[PDB]
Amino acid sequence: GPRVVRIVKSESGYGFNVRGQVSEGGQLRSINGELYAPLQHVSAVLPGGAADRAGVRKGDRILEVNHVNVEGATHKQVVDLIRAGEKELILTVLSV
């Protein structure tokens, strides 16, 4: 099931990478029996960073950023939403 993680930004950042489609049109994928449009995913977590300590895990598939749905979004759309957090980030994710 989707879970919600709060990450407070440190002076060095959030400590995670996001990878996903540049443009819309990617393949659909079934997760936990539910069909989803393409989801950007957490591709790396800095050990001991803010995201790591908050419980973000590698492979986490991002459904929402600050309660804005990003299912099927472009990479730039997700990047821009994360940067608009400005010292706090709420991720709704589907972990592997």
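Counting begins at 1, following the sequence as shown.
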Looking at the deposited entry, does 75-83 or 14-22 carry the larger mean Cα B-factor? 75-83
Using only C-alpha atoms and the B-factors in the entry, which stretch averages higher, 85-93 or 2-10? 85-93
Between 55, 38, 48, 33, which one tops the list for C-alpha B-factor in the PDB entry? 33
Please say which third, lowest, middle or highest, residue 43 falls into when its CA temperature factor is compared across its chain. lowest
